[PDB]
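Observations on the model geometry
The primary structure of each chain is shown beneath.
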Amino acid sequence: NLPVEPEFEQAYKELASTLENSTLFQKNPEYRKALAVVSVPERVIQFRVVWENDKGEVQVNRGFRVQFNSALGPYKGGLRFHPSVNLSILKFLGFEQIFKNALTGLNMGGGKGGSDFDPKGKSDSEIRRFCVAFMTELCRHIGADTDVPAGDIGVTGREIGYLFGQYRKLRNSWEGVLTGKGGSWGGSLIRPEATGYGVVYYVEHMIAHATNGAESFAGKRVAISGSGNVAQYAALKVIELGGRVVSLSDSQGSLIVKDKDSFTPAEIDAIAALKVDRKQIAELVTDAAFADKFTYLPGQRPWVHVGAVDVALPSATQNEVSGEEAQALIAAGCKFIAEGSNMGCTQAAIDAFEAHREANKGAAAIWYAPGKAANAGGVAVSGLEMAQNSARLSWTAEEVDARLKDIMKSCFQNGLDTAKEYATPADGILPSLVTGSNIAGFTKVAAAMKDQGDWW
Amino acid sequence: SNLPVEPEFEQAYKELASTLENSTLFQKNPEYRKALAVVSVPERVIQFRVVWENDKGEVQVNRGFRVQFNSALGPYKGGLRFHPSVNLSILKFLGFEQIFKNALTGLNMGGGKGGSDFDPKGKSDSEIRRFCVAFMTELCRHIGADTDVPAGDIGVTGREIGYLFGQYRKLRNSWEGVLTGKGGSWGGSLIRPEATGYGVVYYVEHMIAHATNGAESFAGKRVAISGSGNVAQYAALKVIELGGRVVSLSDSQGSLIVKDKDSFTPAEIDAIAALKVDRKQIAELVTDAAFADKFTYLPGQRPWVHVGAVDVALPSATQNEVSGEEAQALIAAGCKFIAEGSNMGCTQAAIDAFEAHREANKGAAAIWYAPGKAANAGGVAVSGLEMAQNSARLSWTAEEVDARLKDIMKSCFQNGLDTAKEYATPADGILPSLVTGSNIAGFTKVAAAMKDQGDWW
Amino acid sequence: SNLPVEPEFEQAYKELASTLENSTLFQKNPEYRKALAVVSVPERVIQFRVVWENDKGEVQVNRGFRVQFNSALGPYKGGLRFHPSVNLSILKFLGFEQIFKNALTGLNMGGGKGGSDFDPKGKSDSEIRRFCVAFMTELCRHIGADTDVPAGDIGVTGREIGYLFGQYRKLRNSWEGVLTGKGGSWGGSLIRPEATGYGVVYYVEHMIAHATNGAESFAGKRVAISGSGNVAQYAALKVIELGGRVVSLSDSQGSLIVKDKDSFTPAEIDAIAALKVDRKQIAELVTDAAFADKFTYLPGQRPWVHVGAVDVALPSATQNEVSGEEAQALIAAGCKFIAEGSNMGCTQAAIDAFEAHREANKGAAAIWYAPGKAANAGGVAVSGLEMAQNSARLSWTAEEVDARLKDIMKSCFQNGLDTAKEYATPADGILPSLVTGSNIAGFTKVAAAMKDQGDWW
Amino acid sequence: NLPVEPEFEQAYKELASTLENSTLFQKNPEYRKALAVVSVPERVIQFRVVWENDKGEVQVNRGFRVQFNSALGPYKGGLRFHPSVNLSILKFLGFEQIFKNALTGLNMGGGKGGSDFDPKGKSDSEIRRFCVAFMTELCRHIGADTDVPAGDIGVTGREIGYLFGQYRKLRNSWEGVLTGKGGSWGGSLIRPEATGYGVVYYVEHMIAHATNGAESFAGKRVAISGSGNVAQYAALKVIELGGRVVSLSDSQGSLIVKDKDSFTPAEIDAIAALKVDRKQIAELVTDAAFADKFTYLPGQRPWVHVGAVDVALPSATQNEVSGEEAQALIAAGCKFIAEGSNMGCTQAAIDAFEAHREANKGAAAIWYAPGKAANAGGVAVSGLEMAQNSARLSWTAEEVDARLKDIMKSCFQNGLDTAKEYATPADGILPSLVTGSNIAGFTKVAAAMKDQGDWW
Ligand SMILES: [Cl-]
Ligand SMILES: [Cl-]
Ligand SMILES: [Cl-]
Ligand SMILES: [Cl-]
Ligand SMILES: [Cl-]
Ligand SMILES: [Cl-]
Ligand SMILES: [Cl-]
Ligand SMILES: [Cl-]
Ligand SMILES: [Cl-]
Ligand SMILES: [Cl-]
């Protein structure tokens, strides 16, 4: 009867496996009933989006908003404008957001939405007239206390603007219906730098536990990819804490440090200029002495081309770390990897690290954290943008970063201590932050659902 | 390319595109291609998780769906189906068709459909009750007298519509025509039971009037019905009221034919109703002496050829119950009017045979075939009037309802006729195609209205 | 003192006060002065910024307005006008008048009006479409089937009402009678095109009945119409159906008079319709031979004096199309019944001439003049029935609509009659004043209802 | 077509002029399109108000609510009950509130409303029955997240009470729909003293910049007018900071210090008693030694009768500073003027100071700040009353005054730095806080409107 939705089903069974591979259904058997119920969305909306192009021709796309789980809070998720998009994909991405959001500790449920509207080629007026056509239907199904959408692939500050304007004008209300907002109309500070800072802050704890405090980020070689605000802020934060950033990348190839020890803020700051007004990471080299410092390898990704590294922060795309690149890293002395990008690491890679972890005792293991724990920094700040809107206040950068810091420490700890309860490791084995985190998001959500009578 | 495969849906998008292309529409009206682009993606679809409890007290989980396909000509109008086959694909199939089927009536009704993969089979009334309750609590917010008026279908009959109506009213705190298929004393219409069958008869009546330029009635006419349920029963009765001879009925394992030069009497029909209730068969009548004569039972048979000289044929039992052979017998028996009470009762062969003879015989010497999409639209017509009555705050008399049912069936007929005359303009003297006419007319009415209202330009 | 100057509005507050004072109302009913105080300030006015995009992709900015003037007798009822002259002053003028005009009908309709200084001139359909869309997105929240039902007017016709209806439905997610002037297949009423002209005829019919104590019809009656558009056309047709002789039509540069002892035939009328479409003139008929005889063209002329011996006069072309001279010709030609299809078609001179002859000739020997405020109220009557039909969930037949139109025109007539008999009580034998009667009756009905409901005490 | 609305049109063109007289439409030409769009209200409501007098007779007034701009927040504005009132005036006052509110930095749009209902003569029961009749229509168009009205001429704590009661009873909701509320039902501390404190705090910064820190309020002669909570708190705050308050006034004439140096808190405190239970500033003199200290001049205003002053704080009425009084002040050595009252200073006066500023270099100039920046203190606190309601908390006086202090510093700076960008002055000329502030409110609002797609 039920359709085939491979990417969603993939993630259901890969979650389920981890709960079986634990003691959770022995202390708590009745939770199997919950997994039946969490896995079918509370509500899904699919609606037609008719809009006009600059030539004046009728166009039509599909809109979707998966409203998956609201046991811990209003639906929270993102809008993706990409021609790949469908329900299957949006339930997959939605399904994750539940547990991710739950690991924040803030009261936010999980959903996702978007369109197969393809930004590429389209003018700003086209985008503006699509965002308007989209939210005209969506508007009725969402709200400050019901569902707070956000940005994702295809939709940015630009689109969030147009979305929020049309909502405001339909609803006749100024409310925190969308996160990712501009400074002047309910944005939060630390939003651009949230996910990056959040990954670095998470790993700080990884290092501490693994090394019993013997090691920080200071004097560590950390491999980053990507040159958006994620890779940028991640890098900066590594520098502040006394660490050395060896690598950055763009879609056309990567830049590796090999004359001097690390990128300098200004070298990072100059790749930021290379991102605004188009331009490319490559441009940087061939210029003010950057020729000597840096090696450019077009077409490639840094994982192998970095030498002996300690920390790896994929901050570019999905599936940007394969089983080879994980084995490269292991062999390269890497001991710590989390994602700044969403699902940057492939299953193959996770499997390799999690095997390496089981087989190597103490600090000798490579430790991988999942996205649902390590790259929560941005959804956390979405949470605090919500909190600010409601307060009717803009907090200082100190305020937000402080709360982000407490939120990421508590995340790490929750995965650690859970894994130590349910996936209890062997003498001197590092507990699973994959299983630990998986269990922790399932159990917080599943419990609240029981409390509220969604299952019995 | 990214789109899910929905075989039922696109097996019908295609079917319609085929018709429209082949017609002369996209040549007078190229730009209506833009309408088929946009009509064919639902205005809104809702799917929602459905948690209900069984008699053992266990969490159960099914999926609920409400496809809200078109609202150009009126509120979403559709049905709920509870069957474990159900998914979006199927309900966008059914929903797409309800648009153009509803439109034919002439009433202000959009097109939609919904339901669950809840399986009524072997559930107790408590379980059904607890599921209808659990299901309407989410649906409630998306439907209404002026937004969406659902109804019954597979798995969803009077019992279920009651339980849906009760929960809606409870939650919304309002008493409105939010469902059709309701009880007598809480907003139902009379002629609901009799709606589809009287509809079929009323369609043919119009057919006869046109073809015979108003020089013939049903009066006298010898009518071959097949089936022995809602549709066959009331159809027969309507033929009798109008001075017609109902000459045949039919079952699964067996058929019934009259003594010749005669018809069934309402009581003999009323006796076939008692036979289906108590799950018995039609032979059971010929068992009794008073009908042992007056009727012949032929096991394993379909009446088309056993009847003799016949004028009207109303297949009303199952699909594919008329072969190309049986079509020819009818033609040669002098049959001139054949409409479906059943959906796709006639096979493509049969259709081509009638439509061939239509194209090669002029005027009312032709046999005329009408599709179920139109000839069977009484139920939906009365839904419409059940709506109208609930708003009027009134129960019309049986006569009032039947009379309005009759007028809605002319509107169906006429819509097809006119359309075929425009976009499949026949040779001089030849009856227009009501298959084609009726397959096109819903679209044109809807597409035009969507232009009028600016859903495409 | 602080109040803005709104010349159109207070040029009409004054006009009404004048009438009411001069009548005997504020002497039987002193306290109704308090009603004129409160009726004369709108219950609610909305004005809202209107940003829309043109075909070059540029921000455009106009002002939208919805004056919601009175709801004592029913939902706000009015029209949208898109004309660059438009402001609040004008729309409170038009809105104030709709109150008392609507009231005359006897139906439950309040009074309001809205629109923009958007100029339709030289805008493409996309631009209109994009403006209707932008405009209804703010309006949407303030209107509804039971709150405010807008319609068309200058700059706002069937095309625009479609685009408004589409956007409303889209936003509100409801299908209701939120506009009148709709398509045939999405909730329009038949007799909308024919509403005003049939209305004018139906008014006079009542006039004749009264004056001749039911001893005369339209049958035979020689009728002088002026104009050649919606109103003149359908008016003529209705006179013909009722056994009347339509003896004249008229244009901008020229008029048409019959051969004497004769009338126009529906086909000759149907041919004047083809002439206005394709922007041609009435002479163009006398060009053709079959009408070259049977009709005389007099360029630059108005029929009033060229017609001969006439009974009924229906000015239906422009304002101020009847002088005090032309009034006297009519009187001396034995004309006994004259109503306006056009607004202020008769000049004050003309009115005084009819009303003078009324006051100085007893009974149906008098010529009787009815104002457009009443005689032309068919369009608004059918709006009313378009509403009623949408709620009924039904399309009545043409006959049904026309019959109800006829009953609403008696209610208009009677309301004026009775009022004049009460508050401008005529000398014995003299026909009451339907100018005065019809200028008063809206107020009294509304003012009383507002007392009943406690908007004043 | 469009009607004539002189007071609104006056303010449109006087704003526009300042933007032309800048470099803004050269760096940002497309902003001319914004000024077209901001200038026509988003929504306006005019509704009949039928109410009964104590004699039992039907009465009727007009109600209005101009909801001008909501790009930065819910509509925020005030209700004025005055028989002068109409749309023109309410669009004028509304139009200002947009930019004023925007200069606060908090998320508040701009509107205004009220009636030609004349309080004067009317009993408390009449007022009560008018406020009730008014809000019965208004109620539907406003709300905690849509439009939050306030007090103005004609409407005070008294009326705000009656308004809030009828709202509550219609809406069945306790929410921050109105500011200016009583202590026990969602008022804020520092509300009475907000605008006064806000003007003084703003000037503190003026003095600092102009004198490079060489001078505070300490030992400065400051001329105030008015004796309501604005002039009172302004004065007190000057005293705390070590300044000398030379003048106060009422509608019947002013009181000038000339025996001793300054008013003492208790002399201020005693004029507060002269305001409750009616009474007059005059009363004070002729009594406990006040005869000697103070000179009373009935019929007059202090601007000329103060001697040599340093700071001027009009805190009484509109248009209470003419071109003569500005020339008096200049000649009297005044170097710093802002309004505690709404539009206290006339155009003539602004023109005179702004000329004097252009012609006199450095500290030698008189510096005028506009109301849209200097007297924001009250609308700021309206903002924080909103914030408190939402928090579900009453902050301490310290809390609110602290935030007010940060809000007024950031205002000043925003006008300074803007003016230095777009109205860049000549060597040693003090930048324009008129133009600086004008530009700053237009650009924050105009930008957010672009972000949200109100223009393109
Ligand atoms: Cl599944
Ligand atoms: Cl909804
Ligand atoms: Cl982010
Ligand atoms: Cl159905
Ligand atoms: Cl009948
Ligand atoms: Cl109208
Ligand atoms: Cl009639
Ligand atoms: Cl203007
Ligand atoms: Cl509203
Ligand atoms: Cl204040």
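Rules used throughout
- Residues numbered from 1 in each chain as written, not as in the entry; some residues may be left out.
- Chains lettered and ligands numbered in written order.
- Part of a larger assembly, values for the part shown.
- Heavy atoms only, no water.
- Core = buried A, V, L, I, M, F, W, Y, C linked by side-chain atoms within 4.5 Å.
- Buried < 20%, exposed > 50% of the residue type's maximum accessible area, 1.4 Å probe, protein only.
- Contact = heavy atoms within 4.5 Å.
- Disulfide = S-S within 2.5 Å.
- Buried area = accessible area lost by both parts, 1.4 Å probe.
- Salt bridge = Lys/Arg side-chain N within 4 Å of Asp/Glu carboxyl O.
- Pairing = 2+ DSSP bridges.
- Helix = DSSP H or I, 4+ residues; strand = E, 2+ residues; numbered from the N terminus.
- Axes fitted to C-alpha atoms, helices over the stretch in contact; angles between N-to-C directions.
- UniProt positions renumbered as here; feature names shortened; annotations may be inferred.

**A word on the nonpolar core**
Counting residues in each nonpolar core, the largest one holds 163 residues, and the members touching the most others are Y203 and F354 of chain B together with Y203 and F354 of chain C. Those residues in contact with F354 of chain B that sit more than four places away from it in its chain are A327, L330, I331, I338, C346, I367 and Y369 of chain B. Counting 65 residues, the second-largest nonpolar core is a separate cluster that includes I127 and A133 of chain A together with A102 and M449 of chain D.

**Side note on the state of the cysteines**
This structure, assessed with the given rule, holds 0 disulfides over all chains. Not engaged in a disulfide, the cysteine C411 of chain A finds its nearest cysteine sulfur in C345 of chain A; these two sulfurs lie 16 Å apart.

**Topic: the interface of chain C and chain D**
On the side of chain D, 38 residues touch chain C, which itself brings 35 residues to the contact. Both faces combined, the contact of chain C with chain D buries some 2800 Å², and carbon together with sulfur accounts for 56% of it. Area buried by chain C at its contact with chain D is led by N2, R49 and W457 of chain C, which between them contribute 26% of it. The tally of links from chain C across to chain D stands at 3 salt bridges. For the salt bridge of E42 of chain D with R49 of chain C, the shortest nitrogen-to-oxygen distance reads 3.8 Å.

**Looking at the sheet that holds strand β8 (residues 245-250) of chain C**
Residues and elements named next belong to chain C. Sheet architecture is open: 7 strands sit in the order β10-β9-β8-β7-β11-β12-β13, paired in mixed fashion. Across the chains shown, the open sheet's two edge strands, defined by having one partner strand only, are β10 (295-298) and β13 (368-370). Direction aside, neighbouring strands of the sheet carry axes that sit 15 degrees apart on average. When strand β9 (residues 255-258) meets β10, the two strands line up antiparallel, connected through 4 bridges. Note that in β10 the partner of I257 across the bridge is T296.

**Quick word on the UniProt feature "active site" (unreviewed entry) in chain A**
All names here are of chain A. On the UniProt side, "active site" (unreviewed entry) is annotated at positions that read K112 here. Mapped onto the secondary structure, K112 falls in strand β5 (residues 110-115). With a relative accessible area of 4%, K112 lands in the buried category. Discounting chain neighbours no more than four positions away, the residues touching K112 are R65, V66, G77, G78, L90, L93, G94, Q97 and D152.

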